[PDB]
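J.:
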Amino acid sequence: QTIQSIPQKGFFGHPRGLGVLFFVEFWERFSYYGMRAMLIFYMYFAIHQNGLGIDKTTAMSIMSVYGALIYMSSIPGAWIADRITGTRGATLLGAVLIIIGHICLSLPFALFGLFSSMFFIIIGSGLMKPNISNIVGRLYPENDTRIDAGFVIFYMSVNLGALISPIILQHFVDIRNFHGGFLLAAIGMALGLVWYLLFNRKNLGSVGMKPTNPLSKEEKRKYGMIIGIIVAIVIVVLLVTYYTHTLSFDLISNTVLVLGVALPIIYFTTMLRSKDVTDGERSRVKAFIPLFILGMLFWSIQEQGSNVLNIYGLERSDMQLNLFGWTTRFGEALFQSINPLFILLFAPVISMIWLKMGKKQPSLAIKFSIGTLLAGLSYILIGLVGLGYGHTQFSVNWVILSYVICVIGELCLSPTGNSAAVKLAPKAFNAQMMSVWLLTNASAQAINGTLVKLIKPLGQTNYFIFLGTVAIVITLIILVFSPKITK
Ligand SMILES: NCC(=O)CCC(=O)O
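Mapping of the sequence shown onto the deposited numbering: position 26 corresponds to residue 34, and the numbering continues sequentially without gaps.
1. Might you give, ordered along the chain, the residues of its own chain that have their beta carbon closer than 6 Å to the beta carbon of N211, omitting 5 neighbours on each side?
2. Short check: CB of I129 to CB of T99, under 8 Å?
3. Where does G394 land, buried or exposed, given buried means 16+ other C-beta within 10 angstroms?
4. Is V166 a contact residue of ligand 1, with contact defined as CB to any heavy atom under 7 Å?
5. Counting pairs of Cβ atoms below 8 Å between the stretch 224-243 and the stretch 107-126, do you hit three or more?
6. Please state whether DSSP places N211 in a helix, a strand or coil.
7. At a cut-off of 7 Å, is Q178 close to ligand 1 when judged by its beta-carbon and the heavy atoms of the ligand?
8. Any heavy atom of ligand 1 closer than 7 Å to the Cβ of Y250?
9. Taking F257 as the reference, give the member of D63, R44, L475 and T448 with the closest Cα.
10. Taking just the CA atoms, how far does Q369 sit from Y411?
11. Which residues does DSSP list as the beta-bridge partners of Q328?
12. By DSSP, does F300 sit in helix, in strand, or in coil?
13. Quick one: Cα of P116 to Cα of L192, how far?
14. Considering only DSSP beta bridges, list what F19 is partnered with.
15. Which runs of the alpha helix (DSSP H) fall wholly inside the stretch 236-314 and span at least 4 residues, in chain order?
16. Which stretch, first to last residue, makes up the alpha helix (DSSP H) that contains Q468?
17. Spatial neighbours of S403 within its chain, please: CB distance less than 8 Å, with the 5 preceding and 5 following residues excluded, ordered by chain position.
18. Taking the DSSP output, what are the residues bridged to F402?
19. On the criterion of 16 or more Cβ atoms from any shown chain inside 10 Å, does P138 qualify as buried, or is it exposed?
20. Cβ-heavy atom distance between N208 and ligand 1 below 7 Å?
21. Within the same chain, show all residues whose beta-carbon is closer than 7 Å to that of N208, passing over the 5 residues directly before and after it, in chain order.
22. May I ask you to check if the CB of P356 is nearer than 7 Å to at least one heavy atom of ligand 1?
23. What separation, rounded to the nearest whole angstrom, lies between the Cα atoms of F376 and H253?
24. How big is the Cα-Cα spacing for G85 and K364?
25. In chain order, what are the residue ranges of uninterrupted alpha helix (DSSP H) at least 4 long that sit wholly in the stretch 403-438?
26. Within 10 Å of its beta-carbon, does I235 have 16 or more other beta-carbons around it, so buried, or fewer, so exposed?
27. Go to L206, then tell me how far its alpha helix (DSSP H) extends in each direction, as first and last residue.
28. Alpha helix (DSSP H) containing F120: first to last residue?
29. To the nearest whole angstrom, what separates the beta carbons of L372 and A428, a pair I think is in contact under 8 Å?
30. Please return the same chain residues whose Cβ sits closer than 6 Å to the Cβ of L201, not counting the five positions on each side in sequence.
And the structure:
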């Protein structure tokens, strides 16, 4: 038994192991969301300002494509643990790769440093993210009611790291010491790796030491050829385009846009066409399709807060916080701390609003629509602000007010989507359903990479009013089918 080899207490009433992973995840998410806060500015800032001097649209496009690929990599990375290394092996190798990625940015390699960094982080975060989360769940026995609260505590390290890292790294942006800030994230991640290596054999026992579905002798040959050939085709395409001098980021953004739109269709077609899924379970897979649209329209506007909304506020607002007499210069990296702070403060509040009601609470469709409609209205607000003022430098309060409207929308969509990924899931397609919920983010981010190109032709202000209305009109159309969708 997996439980007969591990401690069942030791961390706020949960297995001692939950304590180890909280510290490992805190330091990984801290270095990830910290590095992410500085990268956008590191890319488009001038050479004299220690930046890379990349086109505003290209730097904006790289962020959305980087993000998409991190979430897409969880699909083959959950496969490698399930079929080759086990969850422990993939977590460890993934962590070692992430460290190399942060170190790449600390070195003066400019573009070679940026692209090699991205490549190390994309691979590592696909091997580490879905498998570290798997071990948390595996620390609890079959008939153990604590597991739900264990994940609430586990995802607290996620928002703690995301909240603290941009506050700390704001000084490294101010003094233009980018390499120093990326080095801080690299060392920050090393503390995670050390804490795992020091305290993991005793707290996590034999849980995740071997794959669940190991590959047989023939499967090692079969998959080895397919993966080997696909890798070989990619290597040549990038090398031939490079030396001819025709290689650009459009090749990356277009390939990812194809994957972003193709992957959801493939999973839904596989699940629907399956002979294992019952007619009752098939109606739930059909009912999750309009929820996926609502989830994509949400994560599209929400993830633009990391590359579009923060640059808007930096360039068009006064960047001066002003609440009831208290005034201070607002840092550009501190826009990344709004969401995690509002999740930490108001997550248990919204969790109790639904508990107070019980049977009288709204459906998954009403909840998804409220979240998407708010995200849409967040873009109407900031778009109208700019339309009203124009050339007049408005307050940073209008930008912060936009971030708040979106996180209030997330507090309705994130806990609903987590329950939807497991409840609506068929018996034989539980992992395949976890993929369709996480692909709402990977697809939105893959769309964004190309959607940022429409900022220059339409205009920065007009871009906000259009995206806001596109999200609202489509959310209201799906809302007319609220009694039909609830099956
Ligand atoms: N759980 C992490 C978040 O939702 C915060 C993302 C952000 O920093 O914008």
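Yeah, the Cβ is synthetic: ideal placement off N, Cα and C, and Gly gets one too.
T.: The relevant details are as follows:
1. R24, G25 and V28
2. no
3. buried
4. yes
5. no
6. coil
7. no
8. no
9. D63
10. 26 Å
11. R337
12. helix
13. 15 Å
14. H22
15. 257-281 and 287-310
16. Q468 to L487
17. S325, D326, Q328 and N330
18. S325
19. buried
20. no
21. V28
22. no
23. 46 Å
24. 39 Å
25. 405-431
26. exposed
27. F186 to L206
28. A118 to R146
29. 6 Å
30. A103
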